[PDB]
Amino acid sequence: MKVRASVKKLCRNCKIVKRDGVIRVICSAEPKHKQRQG
Amino acid sequence: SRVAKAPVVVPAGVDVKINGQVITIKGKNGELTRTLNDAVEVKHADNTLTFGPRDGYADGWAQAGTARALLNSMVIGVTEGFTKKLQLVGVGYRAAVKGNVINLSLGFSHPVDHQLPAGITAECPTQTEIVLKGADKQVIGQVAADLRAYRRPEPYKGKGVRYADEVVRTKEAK
Amino acid sequence: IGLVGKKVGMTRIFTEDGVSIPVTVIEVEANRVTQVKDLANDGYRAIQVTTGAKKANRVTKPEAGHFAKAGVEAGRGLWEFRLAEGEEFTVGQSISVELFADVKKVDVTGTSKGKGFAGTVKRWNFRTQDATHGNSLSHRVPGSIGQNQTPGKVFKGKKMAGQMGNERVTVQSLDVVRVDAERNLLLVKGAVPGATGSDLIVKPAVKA
Amino acid sequence: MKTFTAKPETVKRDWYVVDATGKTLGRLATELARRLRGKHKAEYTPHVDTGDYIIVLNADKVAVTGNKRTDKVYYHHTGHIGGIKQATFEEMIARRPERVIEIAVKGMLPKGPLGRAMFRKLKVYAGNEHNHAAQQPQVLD
RNA sequence: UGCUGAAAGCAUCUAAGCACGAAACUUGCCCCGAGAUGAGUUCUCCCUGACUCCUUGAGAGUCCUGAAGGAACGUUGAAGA
RNA sequence: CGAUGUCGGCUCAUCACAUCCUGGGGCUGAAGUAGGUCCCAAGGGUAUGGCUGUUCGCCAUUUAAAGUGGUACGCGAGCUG
RNA sequence: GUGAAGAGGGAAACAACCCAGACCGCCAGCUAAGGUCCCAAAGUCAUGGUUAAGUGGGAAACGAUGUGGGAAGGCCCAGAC
Ligand SMILES: [Mg+2]
Ligand SMILES: [Mg+2]
Ligand SMILES: [Mg+2]
Ligand SMILES: [Mg+2]
Ligand SMILES: [Mg+2]
Ligand SMILES: [Mg+2]
Ligand SMILES: [Mg+2]
Ligand SMILES: [Mg+2]
Ligand SMILES: [Mg+2]
Ligand SMILES: [Mg+2]
Ligand SMILES: [Mg+2]
Ligand SMILES: [Mg+2]
Ligand SMILES: [Mg+2]
Ligand SMILES: [Mg+2]
Ligand SMILES: [Mg+2]
Ligand SMILES: [Mg+2]
Ligand SMILES: [Mg+2]
Ligand SMILES: [Mg+2]
Ligand SMILES: [Mg+2]
Ligand SMILES: [Mg+2]
Ligand SMILES: [Mg+2]
Ligand SMILES: [Mg+2]
Ligand SMILES: [Mg+2]
Ligand SMILES: [Mg+2]
Ligand SMILES: [Mg+2]
Ligand SMILES: [Mg+2]
Ligand SMILES: [Mg+2]
Ligand SMILES: [Mg+2]
Ligand SMILES: [Mg+2]
Ligand SMILES: [Mg+2]
Ligand SMILES: [Mg+2]
Ligand SMILES: [Mg+2]
Ligand SMILES: [Mg+2]
Ligand SMILES: [Mg+2]
Ligand SMILES: [Mg+2]
Ligand SMILES: [Mg+2]
Ligand SMILES: [Mg+2]
Ligand SMILES: [Mg+2]
Ligand SMILES: [Mg+2]
Ligand SMILES: [Mg+2]
Ligand SMILES: [Mg+2]
Ligand SMILES: [Mg+2]
Ligand SMILES: [Mg+2]
Ligand SMILES: [Mg+2]
Ligand SMILES: [Mg+2]
Ligand SMILES: [Mg+2]
Ligand SMILES: [Mg+2]
Ligand SMILES: [Mg+2]
Ligand SMILES: [Mg+2]
Ligand SMILES: [Mg+2]
Ligand SMILES: [Mg+2]
Ligand SMILES: [Mg+2]
Ligand SMILES: [Mg+2]
Ligand SMILES: [Mg+2]
Ligand SMILES: [Mg+2]
Ligand SMILES: [Mg+2]
Ligand SMILES: [Mg+2]
Ligand SMILES: [Mg+2]
Ligand SMILES: [Mg+2]
Ligand SMILES: [Mg+2]
Ligand SMILES: [Mg+2]
Ligand SMILES: [Mg+2]
Ligand SMILES: [Mg+2]
Ligand SMILES: [Mg+2]
Ligand SMILES: [Mg+2]
Ligand SMILES: [Mg+2]
Ligand SMILES: [Mg+2]
Ligand SMILES: [Mg+2]
Ligand SMILES: [Mg+2]
Ligand SMILES: [Mg+2]
Ligand SMILES: [Mg+2]
Ligand SMILES: [Mg+2]
Ligand SMILES: [Mg+2]
Ligand SMILES: [Mg+2]
Ligand SMILES: [Mg+2]
Ligand SMILES: [Mg+2]
Ligand SMILES: [Mg+2]
Ligand SMILES: [Mg+2]
Ligand SMILES: [Mg+2]
Ligand SMILES: [Mg+2]
Ligand SMILES: [Mg+2]
Ligand SMILES: [Mg+2]
Ligand SMILES: [Mg+2]
Ligand SMILES: [Mg+2]
Ligand SMILES: [Mg+2]
Ligand SMILES: [Mg+2]
Ligand SMILES: [Mg+2]
Ligand SMILES: [Mg+2]
Ligand SMILES: [Mg+2]
């Protein structure tokens, strides 16, 4: 995953979640889109 | 909210008991106990179960909508008994049960002996497939996830331990 | 548990294949129990032992009475060992070297040899400064001992010259060779702390 | 008239018990530090230890609000080259539960001989049982 | 990385509940360590005589007794300036 | 400015983490081997030589690694000059 | 304007910031700034809300079904999401 300060919804299957305070973006199609923080 | 407003049916031969907040559901498959949250309030109404949010607390609906969905699975568990179908893909891999200990051979130097906590009935229809049953969705789900976590799917040949319903994305060599 | 025993030099055992294994000869006389400490009185379970023999005068009344409580003879010195839950012993019982017959490896504790006021070169393996090439009155000295203004101070636990040796030290997991029951000896591979005549607290290997 | 000042000999010190089960740490410690100093007493003098002896039993069971059971750290230096030892509020109660009330009170008292003298009076305890039955320490809340 | 699971009919590792997870962190291993003034415990040992005195006090005294033990002195040490 | 001894080396170090090695992970244009980047991790370790006053640098040969910095560009009532 | 050439209270400590100009005494009372759970004088004071980050108790571009208020704008009993 990435740790960029401005996580975004890149593709359609991407999804925003707030775990343990940290905003993460989880995806079904491409694991590349998985990213943390921001 | 929407889940919370949808009463849980309780079939016959399923003894439900409310010890304040501590719920006890007994049935044919097994006896299950659940220490429920203080923000939730639960009662018996006719045949079905009712879940209401407590006034004063901040997040009621979110807490009760859980309780509903838990007890929905808890009632189905004691009635039917949950099952999971795991399969071991790859040559040389072997799964065999002896008592309450699953003997996984997953190409390691040492044979892995996975223990089974709680009432979990493990079976093997074939040597490269593990079907395991029980009362709780939780413990089954965990056991399954451990048995998986011993060897996750290699996204090339799909090798390792997999759930039967799961799809796996494989890729080419570059 | 463990036993007390006097160091009696070193020898070598020639094994029939060839190897000359260097061994320490520890005499381990009948270690006799003076007191059995337990959870009711003391808050822990242990045994206090003795060995050897003081002359009937050098032992004082406070110490000599302590021996009459048990009924044993006034052995020289007193030591204690912690019991490992399962084992339980009685007062006036005589433990022998046969306890080490079953064990393979032993921790030997003793008092290391007194080197005295040792320098930093000897004590802490400091490197001596250039023996010549300009050097003036500072061959074996420590050199710097700190930074400058910032700490404005030497830090605690700084390696400096002082008393070396004459301290309790433990050489762990020494492999036992022979357990002479008749002569009351315990032959262990290698070398143990302290000079010939020093007391050695031997016990089974904690690092199993 | 020169004002009255309490005389160390004439001071009549009382004994108390405080069950610290389900209590807020700071709001307990504050009320403890109030009494220990001898503030509540009408014959209060800042240079004499007028306060009362307090027994704080069930110290381990003390409660804290928010995330401070995990989040609250207790830093202390070992007086050494780089020895800064920390310990969370869970880990503190896990090992030494008496330290929690001790430290929470000590800071609230004054710093100095009398400050240390008025801490001595506090008697924290993990278990419900206390061996100070001889003084008849009455119940305090 | 997960399991169950809302808020949000679903979904999602979490908001209740339940697991894993590193030479880091707390122990385990070795040493010092109750001057830890919060000065802990166990064990053994030794002292069981009179008198006056006044502002009768943990006062100050006086004949006698001197213990357990220690120190000192000596011979000294694989202990040590 | 009625003095705060300025580079480099030696001896002695100590802290930071923006980690060079070793430990645990996500993605990968990850078949494996080997990487690439990123995340957590400061416990411990982290060359010897040639040249030059050198720091640095280049070069030879090692190493798991040959970390970047702070510390009066650490350290002259410690040495060299 | 203040210090220089101005003490006193506050801003933790802090010539110049906020309050206020010490003739001397008193073991009198009322107020300024700033404060009122404990260190340490004085409200665990009252009413209606907000924050769930220990924010309060350092910071930007930019990021996100965090969470409160509002004012609007898309569909129903021909039953939309
Ligand atoms: Mg980052
Ligand atoms: Mg949590
Ligand atoms: Mg992978
Ligand atoms: Mg004599
Ligand atoms: Mg003697
Ligand atoms: Mg002695
Ligand atoms: Mg010596
Ligand atoms: Mg040497
Ligand atoms: Mg050596
Ligand atoms: Mg050298
Ligand atoms: Mg010279
Ligand atoms: Mg010189
Ligand atoms: Mg010379
Ligand atoms: Mg000279
Ligand atoms: Mg010199
Ligand atoms: Mg000189
Ligand atoms: Mg500093
Ligand atoms: Mg200083
Ligand atoms: Mg070995
Ligand atoms: Mg350290
Ligand atoms: Mg003060
Ligand atoms: Mg006192
Ligand atoms: Mg769901
Ligand atoms: Mg290792
Ligand atoms: Mg470890
Ligand atoms: Mg290893
Ligand atoms: Mg230990
Ligand atoms: Mg120890
Ligand atoms: Mg020791
Ligand atoms: Mg030492
Ligand atoms: Mg020592
Ligand atoms: Mg000491
Ligand atoms: Mg003492
Ligand atoms: Mg005590
Ligand atoms: Mg008398
Ligand atoms: Mg008297
Ligand atoms: Mg007297
Ligand atoms: Mg006399
Ligand atoms: Mg005399
Ligand atoms: Mg006598
Ligand atoms: Mg004598
Ligand atoms: Mg005598
Ligand atoms: Mg004496
Ligand atoms: Mg001599
Ligand atoms: Mg000067
Ligand atoms: Mg230098
Ligand atoms: Mg060099
Ligand atoms: Mg060097
Ligand atoms: Mg880092
Ligand atoms: Mg970097
Ligand atoms: Mg991995
Ligand atoms: Mg380090
Ligand atoms: Mg650290
Ligand atoms: Mg460790
Ligand atoms: Mg060289
Ligand atoms: Mg040459
Ligand atoms: Mg030159
Ligand atoms: Mg440099
Ligand atoms: Mg540099
Ligand atoms: Mg330059
Ligand atoms: Mg370099
Ligand atoms: Mg070089
Ligand atoms: Mg090279
Ligand atoms: Mg090379
Ligand atoms: Mg090479
Ligand atoms: Mg290599
Ligand atoms: Mg490399
Ligand atoms: Mg600089
Ligand atoms: Mg310098
Ligand atoms: Mg210098
Ligand atoms: Mg200097
Ligand atoms: Mg020159
Ligand atoms: Mg002023
Ligand atoms: Mg001021
Ligand atoms: Mg001030
Ligand atoms: Mg302020
Ligand atoms: Mg202000
Ligand atoms: Mg300030
Ligand atoms: Mg302040
Ligand atoms: Mg002040
Ligand atoms: Mg200022
Ligand atoms: Mg005036
Ligand atoms: Mg007033
Ligand atoms: Mg005001
Ligand atoms: Mg003040
Ligand atoms: Mg006050
Ligand atoms: Mg603010
Ligand atoms: Mg934005
Ligand atoms: Mg928002």
# chains A, B, ... in the order shown; residues from 1 in each chain; ligands from 1
call {"tool": "residues_around", "arguments": {"residues": "residue 74 in chain D", "least_positions_apart": "5", "cutoff": "9 Å", "atoms": "only C-alpha atoms (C1' of nucleotides)", "output": "PDB file with N, CA and C atoms, in the first residue's frame"}}
result
ATOM      1  N   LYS D  85      12.838   5.314  31.206  1.00  0.00           N
ATOM      2  CA  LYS D  85      11.872   4.218  31.292  1.00  0.00           C
ATOM      3  C   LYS D  85      10.446   4.754  31.344  1.00  0.00           C
ATOM      4  N   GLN D  86       9.599   4.219  30.463  1.00  0.00           N
ATOM      5  CA  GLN D  86       8.181   4.568  30.410  1.00  0.00           C
ATOM      6  C   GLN D  86       7.326   3.345  30.740  1.00  0.00           C
ATOM      7  N   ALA D  87       6.069   3.599  31.092  1.00  0.00           N
ATOM      8  CA  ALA D  87       5.115   2.540  31.424  1.00  0.00           C
ATOM      9  C   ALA D  87       3.687   3.079  31.368  1.00  0.00           C
ATOM     10  N   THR D  88       2.822   2.414  30.601  1.00  0.00           N
ATOM     11  CA  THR D  88       1.424   2.838  30.449  1.00  0.00           C
ATOM     12  C   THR D  88       0.600   2.551  31.706  1.00  0.00           C
ATOM     13  N   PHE D  89      -0.593   3.143  31.771  1.00  0.00           N
ATOM     14  CA  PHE D  89      -1.481   2.996  32.935  1.00  0.00           C
ATOM     15  C   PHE D  89      -1.960   1.551  33.168  1.00  0.00           C
ATOM     16  N   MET D  92       1.206  -0.228  34.504  1.00  0.00           N
ATOM     17  CA  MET D  92       1.477   0.253  35.862  1.00  0.00           C
ATOM     18  C   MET D  92       0.656  -0.524  36.892  1.00  0.00           C
TER      19      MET D  92
END
call {"tool": "residues_around", "arguments": {"residues": "residue 12 in chain A", "least_positions_apart": "5", "cutoff": "10 Å", "atoms": "only C-alpha atoms (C1' of nucleotides)", "output": "PyMOL selection string"}}
result
chain A and resi 27-29
call {"tool": "write_last_selection", "arguments": {"atoms": "C-alpha atoms", "output": "short mmCIF file (atom, residue, chain, number, x, y, z; two decimals), in the first residue's frame"}}
result
data_model
loop_
_atom_site.label_atom_id
_atom_site.label_comp_id
_atom_site.auth_asym_id
_atom_site.auth_seq_id
_atom_site.Cartn_x
_atom_site.Cartn_y
_atom_site.Cartn_z
CA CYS A 27 -10.15 -1.97 -3.19
CA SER A 28 -11.49 -5.25 -4.62
CA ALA A 29 -10.22 -5.14 -8.23
#
call {"tool": "residues_near_ligand", "arguments": {"ligand": "ligand 19", "cutoff": "10 Å", "atoms": "only C-alpha atoms (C1' of nucleotides) and all ligand atoms", "output": "list in words"}}
result
residues 173, 174 and 175 of chain C
call {"tool": "write_last_selection", "arguments": {"atoms": "N, CA and C atoms", "output": "PDB file, in the first residue's frame"}}
result
ATOM      1  N   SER C 173      26.085 -23.215  32.261  1.00  0.00           N
ATOM      2  CA  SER C 173      26.016 -24.433  31.437  1.00  0.00           C
ATOM      3  C   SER C 173      27.369 -25.114  31.161  1.00  0.00           C
ATOM      4  N   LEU C 174      28.104 -25.396  32.234  1.00  0.00           N
ATOM      5  CA  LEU C 174      29.335 -26.187  32.165  1.00  0.00           C
ATOM      6  C   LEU C 174      28.964 -27.667  32.172  1.00  0.00           C
ATOM      7  N   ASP C 175      29.470 -28.416  31.195  1.00  0.00           N
ATOM      8  CA  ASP C 175      29.090 -29.819  31.005  1.00  0.00           C
ATOM      9  C   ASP C 175      29.772 -30.699  32.054  1.00  0.00           C
TER      10      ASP C 175
END
call {"tool": "select_by_dssp", "arguments": {"residues": "range 44-144 of chain B", "states": "strand (DSSP E)", "output": "number ranges by chain"}}
result
B: 44, 49-53, 82-89, 94-98, 101-105, 112-115, 120-126, 129-134
call {"tool": "residues_near_ligand", "arguments": {"ligand": "ligand 79", "cutoff": "12 Å", "atoms": "only C-alpha atoms (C1' of nucleotides) and all ligand atoms", "output": "PDB file with N, CA, C and O atoms (P, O5', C5', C4', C3', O3' and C1' of nucleotides), in the first residue's frame"}}
result
ATOM      1  P     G G  10       1.561  37.266  40.805  1.00  0.00           P
ATOM      2  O5'   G G  10       0.874  37.373  39.372  1.00  0.00           O
ATOM      3  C5'   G G  10      -0.508  37.012  39.197  1.00  0.00           C
ATOM      4  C4'   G G  10      -0.961  37.278  37.781  1.00  0.00           C
ATOM      5  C3'   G G  10      -0.261  36.485  36.691  1.00  0.00           C
ATOM      6  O3'   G G  10      -0.748  35.149  36.620  1.00  0.00           O
ATOM      7  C1'   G G  10      -0.441  38.743  36.021  1.00  0.00           C
ATOM      8  P     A G  11       0.245  33.957  36.226  1.00  0.00           P
ATOM      9  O5'   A G  11       0.674  34.333  34.739  1.00  0.00           O
ATOM     10  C5'   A G  11      -0.294  34.272  33.679  1.00  0.00           C
ATOM     11  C4'   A G  11       0.304  34.689  32.356  1.00  0.00           C
ATOM     12  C3'   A G  11       1.618  34.039  31.942  1.00  0.00           C
ATOM     13  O3'   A G  11       1.487  32.653  31.629  1.00  0.00           O
ATOM     14  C1'   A G  11       1.704  36.327  31.422  1.00  0.00           C
ATOM     15  P     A G  12       2.760  31.667  31.716  1.00  0.00           P
ATOM     16  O5'   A G  12       3.463  32.056  33.096  1.00  0.00           O
ATOM     17  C5'   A G  12       2.926  31.662  34.380  1.00  0.00           C
ATOM     18  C4'   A G  12       3.919  30.812  35.147  1.00  0.00           C
ATOM     19  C3'   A G  12       5.324  31.387  35.315  1.00  0.00           C
ATOM     20  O3'   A G  12       5.374  32.138  36.527  1.00  0.00           O
ATOM     21  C1'   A G  12       5.387  29.045  34.749  1.00  0.00           C
ATOM     22  P     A G  13       5.952  33.632  36.546  1.00  0.00           P
ATOM     23  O5'   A G  13       7.500  33.423  36.218  1.00  0.00           O
ATOM     24  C5'   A G  13       8.479  33.329  37.274  1.00  0.00           C
ATOM     25  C4'   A G  13       9.793  32.793  36.749  1.00  0.00           C
ATOM     26  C3'   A G  13      10.578  33.718  35.824  1.00  0.00           C
ATOM     27  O3'   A G  13      11.407  34.610  36.567  1.00  0.00           O
ATOM     28  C1'   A G  13      10.547  31.494  34.954  1.00  0.00           C
ATOM     29  P     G G  34      -7.033  40.109  31.119  1.00  0.00           P
ATOM     30  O5'   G G  34      -6.639  38.934  32.120  1.00  0.00           O
ATOM     31  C5'   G G  34      -5.337  38.324  32.066  1.00  0.00           C
ATOM     32  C4'   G G  34      -4.976  37.704  33.397  1.00  0.00           C
ATOM     33  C3'   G G  34      -5.674  36.399  33.742  1.00  0.00           C
ATOM     34  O3'   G G  34      -5.074  35.289  33.079  1.00  0.00           O
ATOM     35  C1'   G G  34      -5.680  37.832  35.632  1.00  0.00           C
ATOM     36  P     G G  35      -5.876  33.907  32.929  1.00  0.00           P
ATOM     37  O5'   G G  35      -5.915  33.357  34.424  1.00  0.00           O
ATOM     38  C5'   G G  35      -7.061  32.660  34.952  1.00  0.00           C
ATOM     39  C4'   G G  35      -7.069  32.765  36.457  1.00  0.00           C
ATOM     40  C3'   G G  35      -8.023  31.835  37.187  1.00  0.00           C
ATOM     41  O3'   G G  35      -7.423  30.550  37.356  1.00  0.00           O
ATOM     42  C1'   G G  35      -8.202  34.034  38.070  1.00  0.00           C
ATOM     43  P     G G  57      -4.397  25.695  24.132  1.00  0.00           P
ATOM     44  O5'   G G  57      -3.406  24.498  23.782  1.00  0.00           O
ATOM     45  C5'   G G  57      -2.002  24.730  23.548  1.00  0.00           C
ATOM     46  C4'   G G  57      -1.184  23.538  23.989  1.00  0.00           C
ATOM     47  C3'   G G  57      -1.402  22.247  23.201  1.00  0.00           C
ATOM     48  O3'   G G  57      -0.172  21.556  23.002  1.00  0.00           O
ATOM     49  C1'   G G  57      -1.874  21.869  25.482  1.00  0.00           C
TER      50        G G  57
END
call {"tool": "select_by_dssp", "arguments": {"residues": "range 30-126 of chain D", "states": "helix (DSSP H, G or I)", "output": "PyMOL selection string"}}
result
chain D and resi 30-37+68-71+89-95+98-106+113-120
call {"tool": "write_last_selection", "arguments": {"atoms": "C-alpha atoms", "output": "short mmCIF file (atom, residue, chain, number, x, y, z; two decimals), in the first residue's frame"}}
result
data_model
loop_
_atom_site.label_atom_id
_atom_site.label_comp_id
_atom_site.auth_asym_id
_atom_site.auth_seq_id
_atom_site.Cartn_x
_atom_site.Cartn_y
_atom_site.Cartn_z
CA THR D 30 -7.36 15.71 44.85
CA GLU D 31 -9.74 15.05 47.75
CA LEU D 32 -7.03 12.83 49.33
CA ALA D 33 -4.37 15.55 48.90
CA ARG D 34 -6.85 18.08 50.38
CA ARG D 35 -7.26 16.02 53.58
CA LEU D 36 -3.61 14.83 53.85
CA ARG D 37 -2.48 18.48 53.94
CA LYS D 68 -6.11 6.96 29.55
CA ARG D 69 -6.12 3.29 30.68
CA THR D 70 -3.88 2.65 27.63
CA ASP D 71 -2.85 6.19 26.55
CA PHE D 89 -1.48 3.00 32.93
CA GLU D 90 -2.45 -0.66 32.20
CA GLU D 91 1.16 -1.85 32.67
CA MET D 92 1.48 0.25 35.86
CA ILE D 93 -1.55 -1.41 37.52
CA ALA D 94 -0.39 -4.78 36.11
CA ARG D 95 2.84 -4.56 38.18
CA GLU D 98 -0.04 1.29 44.76
CA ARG D 99 2.19 3.55 42.59
CA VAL D 100 -0.81 4.98 40.65
CA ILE D 101 -2.48 6.67 43.66
CA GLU D 102 0.94 7.43 45.23
CA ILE D 103 2.11 9.35 42.13
CA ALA D 104 -1.29 11.00 41.57
CA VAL D 105 -1.27 12.30 45.18
CA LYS D 106 2.47 13.12 45.51
CA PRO D 113 10.09 18.13 54.14
CA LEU D 114 6.49 18.86 55.19
CA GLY D 115 5.24 17.77 51.75
CA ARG D 116 7.01 14.42 52.19
CA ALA D 117 5.83 14.32 55.84
CA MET D 118 2.16 14.71 54.77
CA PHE D 119 2.57 11.93 52.15
CA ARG D 120 3.73 9.42 54.84
#
